Amino acid sequence: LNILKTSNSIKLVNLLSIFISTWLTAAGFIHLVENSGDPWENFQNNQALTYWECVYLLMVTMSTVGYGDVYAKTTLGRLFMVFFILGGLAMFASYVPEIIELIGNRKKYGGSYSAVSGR
Amino acid sequence: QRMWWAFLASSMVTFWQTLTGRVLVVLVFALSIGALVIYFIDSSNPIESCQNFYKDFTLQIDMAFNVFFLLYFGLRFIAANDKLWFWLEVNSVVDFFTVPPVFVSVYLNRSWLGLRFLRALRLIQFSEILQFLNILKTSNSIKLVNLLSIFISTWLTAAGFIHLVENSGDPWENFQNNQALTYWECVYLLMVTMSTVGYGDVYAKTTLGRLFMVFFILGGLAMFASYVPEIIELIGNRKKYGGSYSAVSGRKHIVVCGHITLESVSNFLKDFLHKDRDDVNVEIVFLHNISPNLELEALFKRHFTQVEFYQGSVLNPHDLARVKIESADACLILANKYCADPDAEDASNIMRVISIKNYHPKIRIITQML
């Protein structure tokens with residue numbers, strides 16, 4: 001649908017669509033698994049979670065910040081934390097970002113000359 | 001109460017190089033420094049407080065700063081030229097969002113600390129003028145100063161914003177859930193975020209604060225990983241041997257120049273500083289363009305009290321004046337003996353000899369020759 005084709009579109013495709021999709025599906029995944037509770041323990045530890053703090057928990061879990069404010073309170077939740085770390089940290093370390101660092105800045109002198117009349 | 005249609009309207013969200021410019025920009029960041037200092041001073045005070053026109057004596061200096069910022073605002077009108085890019089300018093936007101809100105707060109005769117610290121962007125201005133003030137006339141050093149200036153600028157701005165969101169609270173929850181911590185505490189937390197250590201002893205209680213700092217720490221890690229690779233090496237690529245030679249009265253010295261290499265200088269030192277000599281009391285100095293190798297600094301360190309090194313060329317009379325060959329007893333020239341064309345080294349040594357004799361025609365020269 002007539003996007004701005006200056007490699008910005010392709011960098012959008014290969015970075016931010018997949019980043020947002022994975023982040024949002026992981027947030028919804030932890031929300032479901034935490035609100036479900038423990039199956040064999042009759043769902044006694046079903047922690048009440050909102051989506052804002054869920055996605056905040058994802059972003060705290062990735063990168064390196066080890067905030068003790070929020071964490072997984074159940075065994076399968078901690079399982080899924082481990083899998084999410086093993087996937088997302090490896091991705092954010094060696095697959096996605098190098099593209100955005102090799103994007104760099106835009107062109108320095110790509111403009112034209114304005115013919116000012118009288119000179 | 002809690003009015004915003006006047007502060008935002010003041011923020012204006014809609015939209016009769018020379019010394020003349022130098023004086024005004026110096027005044028601009030000097031008053032920015034003063035206002036940021038007094039903001040840090042009264043940061044412990046609550047955001048909202050009453051203030052009469054003749055009550056706060058400290059705020060009178062703030063009003064002098066405010067009318068001077070209004071003068072700079074009129075200067076911005078004068079230098080606007082193109083109005084579209086004038087309101088597109090980021091510094092102009094910051095001034096729009098900080099000075100008219102101060103005017104409205106003073107008209108209302110009440111204190112409001114919201115977005116008052118935004119002048120920290122102007123703290124990067126003195127880096128350019130430090131070159132004018134001939135403290136640092138180089139390029140790498142002024143680039144490092146500018147980079148640390150923008151680092152500390154985004155530091156103080158982010159610390160202030162996190163502090164205000166922290167002590168404000170949720171507006172839809174009657175802002176009664178706000179935590180209580182000081183500017184030093186928010187500084188500590190923002191180290192906690194930027195450093196990615198993540199202590200978690202004290203966090204951002206506000207939900208909107210968390211939803212801000214999430215993409216803020218994304219941007220911060222991006223800019224950190226972008227900028228440190230051109231920060232770390234600056235301490236490495238700095239000239240060390242650019243100084244001159246300090247003569248010692250009553251003790252002579254000689255000058256060794258030409259092609260100097262590890263094995264050549266090793267042999268020369270080993271047969272010149274031999275222990276079986278009656279008395280050696282001459283300093284040995286070196287002149288060359290290519291920086292010495294780590295083994296050569298190792299030799300210089302193990303002979304720290306006998307040999308000194310300097311970087312320069314024998315064809316530069318300024319370099320010869322720096323080495324001070326007037327008091328030198330003699331000059332030595334080492335010639336490469338392994339290159340393809342022998343006549344090239346002969347001609348090079350001839351140029352060295354004529355330059356040295358032209359600078360001083362009454363010294364002793366001993367040279368190799370192929």
# chains A, B, ... in the order shown; residues from 1 in each chain; ligands from 1

call {"tool": "residues_around", "arguments": {"residues": "residue 367 (chain B)", "least_positions_apart": "6", "cutoff": "8 Å", "atoms": "only C-alpha atoms", "output": "VMD selection string"}}
result
chain B and resid 332 to 335 349

call {"tool": "interface_residues", "arguments": {"of": "chain B", "to": "chain A", "cutoff": "8 Å", "atoms": "only C-alpha atoms", "output": "number ranges by chain"}}
result
B: 192-193, 196-201, 203, 207, 210-211, 214, 226

call {"tool": "write_last_selection", "arguments": {"atoms": "N, CA and C atoms", "output": "PDB file, in the first residue's frame"}}
result
ATOM      1  N   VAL B 192      20.421   2.313  38.923  1.00  0.00           N
ATOM      2  CA  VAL B 192      20.014   0.912  39.010  1.00  0.00           C
ATOM      3  C   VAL B 192      19.466   0.439  37.669  1.00  0.00           C
ATOM      4  N   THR B 193      18.718   1.304  36.991  1.00  0.00           N
ATOM      5  CA  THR B 193      18.169   0.968  35.681  1.00  0.00           C
ATOM      6  C   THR B 193      19.256   0.937  34.612  1.00  0.00           C
ATOM      7  N   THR B 196      21.800  -1.753  34.607  1.00  0.00           N
ATOM      8  CA  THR B 196      21.156  -3.048  34.406  1.00  0.00           C
ATOM      9  C   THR B 196      21.465  -4.042  35.522  1.00  0.00           C
ATOM     10  N   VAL B 197      21.960  -3.568  36.666  1.00  0.00           N
ATOM     11  CA  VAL B 197      22.180  -4.453  37.803  1.00  0.00           C
ATOM     12  C   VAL B 197      20.846  -4.900  38.385  1.00  0.00           C
ATOM     13  N   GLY B 198      19.922  -3.959  38.560  1.00  0.00           N
ATOM     14  CA  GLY B 198      18.590  -4.276  39.033  1.00  0.00           C
ATOM     15  C   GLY B 198      18.548  -4.742  40.473  1.00  0.00           C
ATOM     16  N   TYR B 199      18.854  -3.843  41.411  1.00  0.00           N
ATOM     17  CA  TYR B 199      18.804  -4.198  42.826  1.00  0.00           C
ATOM     18  C   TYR B 199      17.387  -4.561  43.254  1.00  0.00           C
ATOM     19  N   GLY B 200      16.423  -3.695  42.955  1.00  0.00           N
ATOM     20  CA  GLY B 200      15.050  -3.947  43.331  1.00  0.00           C
ATOM     21  C   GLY B 200      14.721  -3.689  44.783  1.00  0.00           C
ATOM     22  N   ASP B 201      15.641  -3.096  45.549  1.00  0.00           N
ATOM     23  CA  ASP B 201      15.342  -2.752  46.935  1.00  0.00           C
ATOM     24  C   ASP B 201      14.229  -1.713  47.011  1.00  0.00           C
ATOM     25  N   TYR B 203      11.832   0.570  44.101  1.00  0.00           N
ATOM     26  CA  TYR B 203      11.486   0.595  42.688  1.00  0.00           C
ATOM     27  C   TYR B 203      10.583   1.792  42.393  1.00  0.00           C
ATOM     28  N   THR B 207       2.526   3.157  38.310  1.00  0.00           N
ATOM     29  CA  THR B 207       2.340   2.349  37.108  1.00  0.00           C
ATOM     30  C   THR B 207       2.736   3.123  35.855  1.00  0.00           C
ATOM     31  N   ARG B 210       6.466   3.183  35.689  1.00  0.00           N
ATOM     32  CA  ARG B 210       7.008   1.947  35.129  1.00  0.00           C
ATOM     33  C   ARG B 210       6.826   1.896  33.617  1.00  0.00           C
ATOM     34  N   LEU B 211       5.643   2.286  33.133  1.00  0.00           N
ATOM     35  CA  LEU B 211       5.373   2.276  31.699  1.00  0.00           C
ATOM     36  C   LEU B 211       6.160   3.344  30.952  1.00  0.00           C
ATOM     37  N   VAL B 214      10.101   1.739  31.104  1.00  0.00           N
ATOM     38  CA  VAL B 214      10.309   0.578  30.236  1.00  0.00           C
ATOM     39  C   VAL B 214      10.948   0.996  28.903  1.00  0.00           C
ATOM     40  N   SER B 226      25.464   2.296  21.814  1.00  0.00           N
ATOM     41  CA  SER B 226      25.883   3.047  20.638  1.00  0.00           C
ATOM     42  C   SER B 226      27.077   3.948  20.931  1.00  0.00           C
TER      43      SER B 226
END

call {"tool": "atom_distance", "arguments": {"atom1": "CA of residue 22 (chain A)", "atom2": "CA of residue 88 (chain A)"}}
result
8.7 Å

call {"tool": "atom_distance", "arguments": {"atom1": "CA of residue 29 (chain B)", "atom2": "CA of residue 122 (chain B)"}}
result
5.9 Å

call {"tool": "closest_residue", "arguments": {"among": "B:190, B:102, B:239, B:195", "to": "residue 221 (chain B)", "atoms": "only C-alpha atoms"}}
result
B:195

call {"tool": "atom_distance", "arguments": {"atom1": "CA of residue 97 (chain B)", "atom2": "CA of residue 191 (chain B)"}}
result
26.7 Å

call {"tool": "decode", "arguments": {"residues": "region 7-36 of chain A", "atoms": "N, CA, C and O atoms", "output": "mmCIF file, in the first residue's frame"}}
result
data_model
loop_
_atom_site.group_PDB
_atom_site.id
_atom_site.type_symbol
_atom_site.label_atom_id
_atom_site.label_comp_id
_atom_site.auth_asym_id
_atom_site.auth_seq_id
_atom_site.Cartn_x
_atom_site.Cartn_y
_atom_site.Cartn_z
ATOM 1 N N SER A 7 14.539 1.365 2.721
ATOM 2 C CA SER A 7 15.092 0.331 3.599
ATOM 3 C C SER A 7 14.596 0.495 5.032
ATOM 4 O O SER A 7 14.756 -0.408 5.861
ATOM 5 N N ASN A 8 13.931 1.617 5.318
ATOM 6 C CA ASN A 8 13.289 1.781 6.614
ATOM 7 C C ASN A 8 12.130 0.809 6.763
ATOM 8 O O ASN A 8 11.909 0.255 7.845
ATOM 9 N N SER A 9 11.392 0.572 5.677
ATOM 10 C CA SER A 9 10.308 -0.402 5.711
ATOM 11 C C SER A 9 10.831 -1.807 5.980
ATOM 12 O O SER A 9 10.259 -2.544 6.793
ATOM 13 N N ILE A 10 11.920 -2.200 5.314
ATOM 14 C CA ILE A 10 12.425 -3.557 5.499
ATOM 15 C C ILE A 10 13.038 -3.719 6.887
ATOM 16 O O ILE A 10 12.922 -4.787 7.502
ATOM 17 N N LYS A 11 13.672 -2.666 7.421
ATOM 18 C CA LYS A 11 14.165 -2.749 8.794
ATOM 19 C C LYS A 11 13.006 -2.813 9.784
ATOM 20 O O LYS A 11 13.087 -3.520 10.797
ATOM 21 N N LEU A 12 11.905 -2.114 9.486
ATOM 22 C CA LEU A 12 10.688 -2.239 10.280
ATOM 23 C C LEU A 12 10.208 -3.683 10.305
ATOM 24 O O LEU A 12 9.957 -4.247 11.379
ATOM 25 N N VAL A 13 10.134 -4.305 9.123
ATOM 26 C CA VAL A 13 9.679 -5.691 9.009
ATOM 27 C C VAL A 13 10.570 -6.619 9.824
ATOM 28 O O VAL A 13 10.087 -7.431 10.620
ATOM 29 N N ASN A 14 11.887 -6.508 9.642
ATOM 30 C CA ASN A 14 12.770 -7.489 10.259
ATOM 31 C C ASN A 14 13.097 -7.187 11.716
ATOM 32 O O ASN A 14 13.749 -8.016 12.359
ATOM 33 N N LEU A 15 12.690 -6.037 12.259
ATOM 34 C CA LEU A 15 12.912 -5.795 13.681
ATOM 35 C C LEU A 15 11.620 -5.665 14.478
ATOM 36 O O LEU A 15 11.340 -6.509 15.341
ATOM 37 N N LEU A 16 10.786 -4.672 14.175
ATOM 38 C CA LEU A 16 9.840 -4.230 15.190
ATOM 39 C C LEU A 16 8.544 -5.016 15.176
ATOM 40 O O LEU A 16 7.951 -5.219 16.239
ATOM 41 N N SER A 17 8.102 -5.481 14.008
ATOM 42 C CA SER A 17 6.913 -6.321 13.960
ATOM 43 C C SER A 17 7.117 -7.596 14.770
ATOM 44 O O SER A 17 6.293 -7.937 15.629
ATOM 45 N N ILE A 18 8.230 -8.294 14.534
ATOM 46 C CA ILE A 18 8.484 -9.533 15.261
ATOM 47 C C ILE A 18 8.774 -9.249 16.730
ATOM 48 O O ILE A 18 8.349 -10.010 17.610
ATOM 49 N N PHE A 19 9.483 -8.150 17.028
ATOM 50 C CA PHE A 19 9.747 -7.807 18.423
ATOM 51 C C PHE A 19 8.442 -7.593 19.186
ATOM 52 O O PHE A 19 8.229 -8.180 20.255
ATOM 53 N N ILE A 20 7.545 -6.772 18.632
ATOM 54 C CA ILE A 20 6.280 -6.474 19.297
ATOM 55 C C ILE A 20 5.417 -7.725 19.396
ATOM 56 O O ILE A 20 4.787 -7.976 20.430
ATOM 57 N N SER A 21 5.375 -8.532 18.330
ATOM 58 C CA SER A 21 4.558 -9.742 18.353
ATOM 59 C C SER A 21 5.021 -10.699 19.444
ATOM 60 O O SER A 21 4.210 -11.187 20.242
ATOM 61 N N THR A 22 6.331 -10.962 19.507
ATOM 62 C CA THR A 22 6.856 -11.862 20.528
ATOM 63 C C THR A 22 6.631 -11.304 21.928
ATOM 64 O O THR A 22 6.226 -12.038 22.837
ATOM 65 N N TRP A 23 6.867 -10.002 22.114
ATOM 66 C CA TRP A 23 6.707 -9.395 23.432
ATOM 67 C C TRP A 23 5.260 -9.482 23.907
ATOM 68 O O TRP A 23 4.988 -9.868 25.052
ATOM 69 N N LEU A 24 4.313 -9.154 23.024
ATOM 70 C CA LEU A 24 2.905 -9.161 23.401
ATOM 71 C C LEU A 24 2.395 -10.576 23.643
ATOM 72 O O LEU A 24 1.640 -10.813 24.597
ATOM 73 N N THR A 25 2.788 -11.534 22.794
ATOM 74 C CA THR A 25 2.325 -12.902 23.008
ATOM 75 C C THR A 25 2.936 -13.490 24.274
ATOM 76 O O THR A 25 2.274 -14.254 24.983
ATOM 77 N N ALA A 26 4.168 -13.097 24.616
ATOM 78 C CA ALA A 26 4.760 -13.556 25.867
ATOM 79 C C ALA A 26 4.054 -12.942 27.070
ATOM 80 O O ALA A 26 3.845 -13.618 28.084
ATOM 81 N N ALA A 27 3.680 -11.662 26.977
ATOM 82 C CA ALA A 27 2.948 -11.026 28.069
ATOM 83 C C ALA A 27 1.602 -11.705 28.295
ATOM 84 O O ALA A 27 1.236 -12.030 29.434
ATOM 85 N N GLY A 28 0.859 -11.948 27.213
ATOM 86 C CA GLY A 28 -0.399 -12.666 27.344
ATOM 87 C C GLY A 28 -0.206 -14.078 27.862
ATOM 88 O O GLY A 28 -1.028 -14.590 28.630
ATOM 89 N N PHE A 29 0.896 -14.718 27.465
ATOM 90 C CA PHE A 29 1.186 -16.073 27.910
ATOM 91 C C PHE A 29 1.416 -16.117 29.416
ATOM 92 O O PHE A 29 0.871 -16.988 30.110
ATOM 93 N N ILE A 30 2.209 -15.178 29.946
ATOM 94 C CA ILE A 30 2.442 -15.195 31.386
ATOM 95 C C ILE A 30 1.169 -14.815 32.124
ATOM 96 O O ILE A 30 0.909 -15.317 33.222
ATOM 97 N N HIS A 31 0.354 -13.929 31.541
ATOM 98 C CA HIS A 31 -0.895 -13.555 32.193
ATOM 99 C C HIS A 31 -1.808 -14.765 32.333
ATOM 100 O O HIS A 31 -2.355 -15.025 33.413
ATOM 101 N N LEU A 32 -1.939 -15.545 31.258
ATOM 102 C CA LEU A 32 -2.762 -16.748 31.307
ATOM 103 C C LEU A 32 -2.205 -17.754 32.307
ATOM 104 O O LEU A 32 -2.945 -18.289 33.142
ATOM 105 N N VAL A 33 -0.895 -18.018 32.247
ATOM 106 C CA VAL A 33 -0.341 -19.078 33.086
ATOM 107 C C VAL A 33 -0.344 -18.674 34.560
ATOM 108 O O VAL A 33 -0.474 -19.531 35.443
ATOM 109 N N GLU A 34 -0.218 -17.377 34.860
ATOM 110 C CA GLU A 34 -0.220 -16.942 36.251
ATOM 111 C C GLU A 34 -1.635 -16.869 36.808
ATOM 112 O O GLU A 34 -1.870 -17.245 37.962
ATOM 113 N N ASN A 35 -2.595 -16.388 36.010
ATOM 114 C CA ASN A 35 -3.972 -16.354 36.481
ATOM 115 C C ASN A 35 -4.592 -17.743 36.543
ATOM 116 O O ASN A 35 -5.586 -17.930 37.253
ATOM 117 N N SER A 36 -4.037 -18.714 35.814
ATOM 118 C CA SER A 36 -4.561 -20.075 35.876
ATOM 119 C C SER A 36 -4.319 -20.701 37.245
ATOM 120 O O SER A 36 -5.254 -21.201 37.881
#
